[PDB]
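The structure tokens that follow cover one protein chain in two forms, given apart as structure 1 and structure 2.
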Structure 1
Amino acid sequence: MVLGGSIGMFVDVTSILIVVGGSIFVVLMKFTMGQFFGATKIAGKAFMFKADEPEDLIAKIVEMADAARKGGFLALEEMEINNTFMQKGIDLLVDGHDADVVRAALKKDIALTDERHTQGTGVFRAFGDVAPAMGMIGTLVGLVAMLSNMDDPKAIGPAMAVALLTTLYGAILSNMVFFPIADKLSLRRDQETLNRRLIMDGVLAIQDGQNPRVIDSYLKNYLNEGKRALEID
């Protein structure tokens, strides 16, 4: 690109129109514009905000359990909360709700967040699926335009530019933008699932009045498995 020549040599209104507009049309035929904006919103929060470390969550849950055991079920409202899910857990525990209702609410939030991440992954994987099809369509369009105008170089140039740059844009958007965003959304979904499971188990242990010594051992049972197994011997 910059070493090959410049970024300026990959700019074309026709190629952008074909690839991006056709992809947007195809995707909007199966997704809502507001819903697509919501998927963009969740992708941006996944890219601009790192997921909380599971170890840090475990440690702070243990600290919260210590505070609860020392000062009853209302001792967690005077010091800062990291995430919104844990904040909701705290403000449901402060209401003296039973274990079943808070568990159901947390399991509803977990399912909702999992669904949102899965649907954002689906939106961006639809984009990545349609971009190379639009690139091939652009290759066909450019080939037709070249073969129709082999006597006119002024038409040969733009036609081949469209044919090449539609494929280049489709490939770049598919393999370096859309599929990577879907993969990052899947990773962020897995991190969300782990964090939500940890937080729900911590709230469950706090409600039961369990001493934090057992709580930390129980919470450690999640981090030693899963997608991270390639790091664990």
Structure 2
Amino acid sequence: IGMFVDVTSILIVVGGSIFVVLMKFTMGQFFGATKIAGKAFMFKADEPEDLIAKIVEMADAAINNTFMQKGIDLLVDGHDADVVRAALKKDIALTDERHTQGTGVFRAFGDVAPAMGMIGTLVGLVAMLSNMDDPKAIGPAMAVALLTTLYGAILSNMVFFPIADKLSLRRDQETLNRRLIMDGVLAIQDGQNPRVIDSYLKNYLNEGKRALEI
């Protein structure tokens, strides 16, 4: 309805939050974080079981995930095992830090939005009180301030914080899959049989968050 839309209020909230976040993050970092969130929302993380099946299917022969694609490309390049381990660990740590800082950006947005909503409703209350002769026509003048507060609360609780939590969850899943792929490529380079590695691979799948599934 038109009683829940206000250009000035959304301008105050979004402009204040953006200005405060830009104090601690460059614009390129913010765009990178938004790209991270979009990729983590639109694309689904590959199942670890599917990755294990693909690894054990490709082990005896000697493609969807780009990490294993770069792993097999480097294996064809025939680098030393130390080089493989270093490159894979560096990529995993880079992805981990990238997701962590995306989460930090979105948590900063979520923590800043309600304070800006409170500033906006303070401005609305001052504007209402400066134009009151009798306490009769102060309905919408309060509704706009409460609208600013509601915008702040909604953006903080249902838009930015859920994105940060989803980013953390996606970081955990990506770390798990990256570790599985790294172990698989190490085993393939070693040349061991497909079955022996699967004996110890599945012990730690249900780590931390997944501990509740069993």
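We call the rigid core the largest set of C-alpha positions that still match within 1.5 Å between the two forms. By convention here, residues take numbers in order along the sequence of structure 1, the first being 1. Only residues modelled in both forms are compared.
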Just one entry of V94, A155, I137, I110 has its C-alpha move 2 Å or more between structures 1 and 2 under rigid core superposition, and it is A155
Core-superposed C-alpha displacement of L185 between structures 1 and 2, in angstrom, equals 0.3
Aligning on the rigid core, one finds that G34 shifts at its CA between structures 1 and 2, in Å, by 1.2
Moved regions between structures 1 and 2 after rigid core superposition (C-alpha shift of 2 angstroms or more, 3 or more residues per run) are 7 to 9, 151 to 162, 224 to 226
